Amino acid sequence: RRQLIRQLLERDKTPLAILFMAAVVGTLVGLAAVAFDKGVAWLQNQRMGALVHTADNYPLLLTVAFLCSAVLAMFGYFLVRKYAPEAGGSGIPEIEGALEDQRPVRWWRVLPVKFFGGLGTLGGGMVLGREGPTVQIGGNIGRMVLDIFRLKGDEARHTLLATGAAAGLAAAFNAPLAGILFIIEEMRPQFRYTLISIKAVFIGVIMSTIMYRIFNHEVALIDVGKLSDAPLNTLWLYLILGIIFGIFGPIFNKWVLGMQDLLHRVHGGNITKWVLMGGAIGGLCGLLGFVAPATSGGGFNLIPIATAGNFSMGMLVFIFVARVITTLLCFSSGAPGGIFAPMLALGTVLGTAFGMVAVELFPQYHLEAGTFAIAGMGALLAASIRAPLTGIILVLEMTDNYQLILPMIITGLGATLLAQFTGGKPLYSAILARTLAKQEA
């Protein structure tokens, strides 16, 4: 007791050095996220320009689409396989390891690898998010400053790593609050106390968010407009939708893990069979990014469309399955990129579909498929990665439809509850658990 009293009276006193460094970290992460985001956009642009000059002759451009995405994809897998194996896949599991002091933060390697590596996979049109790259580049940026200023102590190592990660998430979705919640719900050591300063994470997030705003303002990532509201006698429907996301979550996890193995065989770990496989998957994505865009790419583009009910039921099922496939191929293939955003897209589409069905079954509810779309948008993140609070807040910060809060929370919670009762596991932990075990074995 007397101890506690001593602590209470000393609570929330973070070394000004840590706080100021959280600011520099955040600023760097944000500037980096911008640069990354811009690079991806520039490459996707160039790819577009190459098709206009070779527009005529379908088979010709269908070729250049593939090649371009393949050449960039290979360049991506290479940089990872050759100079930073850890900078493959998401990066979040990796950074989570580092917060646990169970994985190194080879920033002198990861920064340039994850950045230019993802530039290749993301810029090639693959089904990968920016979160992976930015959260990891973020943590590493956070480590880099710790090292460059020889800041000492646990608190500083854990805090600067944690803030660089949060700032990394923040600048990926322009969601400062998601960034902070991610760290304090998912990223952080899940089983023991930690010396992470929330106040320091905040500053970093703010700083990278501001950096984001200085280059992206006036254009939301996802503009869904103001959707309808949700009657209380309509809530149970969102529970059902959460129950579906909850049984599919684990399943989708098995596939990501399983596809990680199944894909490891194709190259047995061989850097050349890997780079070429990735070069194939990459080219496949840039091909689909011209014969069926909704199956390739990050997926952000189809969220507004699907929420508006502009896709037919058939097109949604197509898009869904197609995306389940392309997401798995791109992520499980170990390409540098997140599986976070892609899951938003899947949640959306799945949500819409649920919606459409709800609409016809209950005209008396005056439903609007789009509210289910938004309820589902973060529901996969809730069933697969099991970070609901961060999902719900992330969707909110991106869709700005706070009146859907109950439905969103009910779907996401239904998800995390069913994913728990069907044996699923936090995908980020399962991946770290693999890595950590495949190490001591």
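Throughout, we count residues from 1 along the sequence that is shown.
As listed in the deposited structure, the average C-alpha B-factor of 126 to 134 and of 143 to 151 is greater for 143 to 151.
On average the C-alpha atoms of 309 to 317 have higher B-factors than those of the other stretch, with 309 to 317 and 335 to 343 being the two compared. The PDB entry gives the largest Cα B-factor of the residues 373, 43, 404, 395 to 43. Per the PDB entry, 291 shows the highest C-alpha temperature factor of the residues 291, 169, 177, 353. Among the modelled residues of its chain, residue 226 has a C-alpha B-factor that falls in the lowest third, as given in the PDB entry.
When the modelled residues of the chain are ordered by their C-alpha B factor, residue 64 lands in the highest third. The entry lists a Cα temperature factor for residue 96 that places it in the lowest third of the chain's modelled residues.
The deposited CA B-factor of residue 190 belongs to the middle third of values across its chain.
In this PDB entry, the Cα temperature factor of residue 238 sits in the bottom third of its chain's modelled residues, the lowest group.
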